[PDB]
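J.: need a structure here:
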Amino acid sequence: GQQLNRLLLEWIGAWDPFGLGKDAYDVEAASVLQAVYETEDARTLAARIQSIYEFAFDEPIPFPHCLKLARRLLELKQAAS
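T.: Numbering: from 1, shown residues only. See the structure here:
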């Protein structure tokens, strides 16, 4: 279904690293969702997250912050597959 994807998108928006509200990140959430399907590795995903958000905001989010998110997303992906 798309149930898993909607949940992943919700989590990514909710991450809200810059205190802009969950709705400010639809573009970046879609991009992170794509990356989620391209790996099973939290490090790899975290680096994609970092690049996506650095492009979007001209600010590098600390890698370990990206890594927690990547781990959470892959935990959900794995729990559903």
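J.: neighbours around residue 58, how many?
T.: For residue 58, the neighbour count with other CB atoms under 10 Å is 7. Yep, even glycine has a C-beta here, placed from its N, CA and C like the rest.
J.: which residues touch the host helix or strand of residue 72?
T.: Using DSSP states H and E, the element containing residue 72 is helix 63-80. When contacts are defined by CB atoms under 8 Å, 6 or more residues apart in numbering, helix 63-80 is touched by residues 4, 7-8, 11-12, 15, 17, 32, 36, 40-43, 45-47, 49-50, 53.
J.: now restrict those residues to buried residues only.
T.: 8, 11-12, 15, 17, 32, 36, 42, 45-47, 49-50, 53 (16 or more other CB atoms under 10 Å).
J.: please save the CA atoms from the helix holding residue 72 in PDB.
T.: This file holds the C-alpha atoms of helix 63-80, laid out as PDB (Å, rounded to 0.1, in the frame of the first residue of the first chain):
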ATOM      1  CA  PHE A  63      25.600  14.100  10.800                       C
ATOM      2  CA  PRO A  64      24.600  12.300  14.100                       C
ATOM      3  CA  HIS A  65      21.300  14.100  14.000                       C
ATOM      4  CA  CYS A  66      20.800  12.800  10.400                       C
ATOM      5  CA  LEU A  67      21.800   9.300  11.600                       C
ATOM      6  CA  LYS A  68      19.100   9.100  14.300                       C
ATOM      7  CA  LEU A  69      16.500   9.900  11.800                       C
ATOM      8  CA  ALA A  70      17.900   7.500   9.300                       C
ATOM      9  CA  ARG A  71      17.900   4.700  11.900                       C
ATOM     10  CA  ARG A  72      14.300   5.500  12.800                       C
ATOM     11  CA  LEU A  73      13.100   5.400   9.200                       C
ATOM     12  CA  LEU A  74      14.900   2.100   8.400                       C
ATOM     13  CA  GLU A  75      13.500   0.600  11.600                       C
ATOM     14  CA  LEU A  76      10.000   1.300  10.300                       C
ATOM     15  CA  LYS A  77      10.800   0.100   6.800                       C
ATOM     16  CA  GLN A  78      12.200  -3.100   8.300                       C
ATOM     17  CA  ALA A  79       9.300  -3.600  10.700                       C
ATOM     18  CA  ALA A  80       7.000  -3.400   7.600                       C
END
